[PDB]
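Heads up, the thing below is written out as structure tokens.
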Amino acid sequence: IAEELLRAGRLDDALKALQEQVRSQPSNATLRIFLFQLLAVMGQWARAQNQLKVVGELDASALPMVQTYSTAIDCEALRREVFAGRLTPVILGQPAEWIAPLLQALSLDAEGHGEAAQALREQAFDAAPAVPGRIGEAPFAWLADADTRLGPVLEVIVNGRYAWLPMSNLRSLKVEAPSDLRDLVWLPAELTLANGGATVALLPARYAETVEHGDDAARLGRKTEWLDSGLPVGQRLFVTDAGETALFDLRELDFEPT
Amino acid sequence: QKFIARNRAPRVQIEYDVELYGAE
């Protein structure tokens, strides 16, 4: 029943139903695995973390998941602060000069200087290099996030820490369709850096304002849209000179060497 | 025009059936 409520996108109803299941069978680790993931989709971070702890205690084999995703949930809170201009994200790989105006634009927006913020983003975008490549076999001349606050930057969680990765620091990305409910929130990815490094990563898969300002469908990544405020909610979307690809549909992305 | 989405209309997406009970 909770399963079917989830499928219908009825999150509140699904949660109510699932909590009653857990209450009925409180030592069933699998119900608590469902519950943690559902709470994550709903953005109830502390409660999702609570369930992970209990999962860890019931099923010790689940402990590496518990470690990975409890620190992923901590990172999801840094996101709100980052996009509110209150927290500086670290940058992985070679420093990119044009990140600085992007970050300053976030803090100028927060102070109500939207014109000055737009001026800095325009300068950042001008400076950021168009790098050609391929999505699968389909070529592009440039690629960026549809979120103008990011442009050609990828949000990542790597080794337990939130970061921005300039796309010009990226050589390739490989991702599969989402498989588990938690994958709607954090899509697993294999990254290869322009500098040679390779790392597994988690990609925050929804825009940060989705939890507070989206609907259930946006929280489930079943749509992407822009609010009257101009901010996007729902599933991450990449745009190119030639088309667009939503993150859940991306499989292989490659950039041509500079 | 680089890096700019030309359209900000809502996007309908492919929906994925996902697993609910697995931790590996």
Report, in degrees rounded to the nearest 10, the 0 to 90 angle that the Cα long axis of helix A:11-24 makes with the longest principal axis of chain A.
40
In degrees, nearest 10, range 0 to 90: what is the angle between the Cα axis of helix A:114-127 and the longest Cα principal axis of chain A?
70
Taking every residue of A:22-31, the Cβ atoms of other protein chains inside 10 Å of its Cβ average out to 1
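Neighbour counts of other C-beta atoms within 10 Å: give me A:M42, A:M167 arranged from fewest to most. Mind dumping the intermediate values first?
On the way: A:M42 19, A:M167 26.
Listing A:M42, A:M167 from fewest to most nearby Cβ atoms yields A:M42, A:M167.
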Pairwise centroid distance, computed over Cα atoms, of segment A:195-258 with segment A:22-52, Å:
25
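Charges only on Cβ, +1 for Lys and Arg, -1 for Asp and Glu: so what's the dipole of chain A about the Cα centre, in debye to the nearest 20? Display every interim value, and only then the final one.
Details: 23 positive and 36 negative charges, 150 e Å.
Once rounded to the nearest 20, the dipole reads 720 debye.
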Expressed as a rounded percentage, what relative contact order does segment A:86-258 have, with Cα pairs under 8 Å and six or more residues apart?
23
Expected sort for A:243-249, A:185-191, A:218-224 on mean C-beta neighbours within 10 Å, highest first, is A:218-224, A:185-191, A:243-249
Placed amide H near A:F140: partners under 5 Å, 5+ positions off or other chain:
A:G133, A:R134, A:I135
Mean per-residue count of partner chain Cβ within 10 Å for A:136-147 equals 2
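Of the peptides A:83-90, A:159-166, how do they stack up when ordered by the mean number of other Cβ atoms within 10 Å, highest first?
On the way: A:83-90: 15.8, A:159-166: 18.1.
Taking the mean over residues of other Cβ atoms within 10 Å, the ranking is A:159-166, A:83-90.
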If one takes the longest principal axis of the Cα atoms in chain A, at what angle in degrees, from 0 to 90 and to the nearest 10, does the Cα axis of helix A:45-58 lie?
50
Which whole number gives the average count of other chain Cβ atoms within 10 Å of the Cβ atoms across peptide A:219-226?
5
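We place every Cβ from the backbone using ideal geometry, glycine too, and count neighbours over all the protein chains shown. Laboratory data are not the source of any read-out in this text; all were calculated from the coordinates shown.
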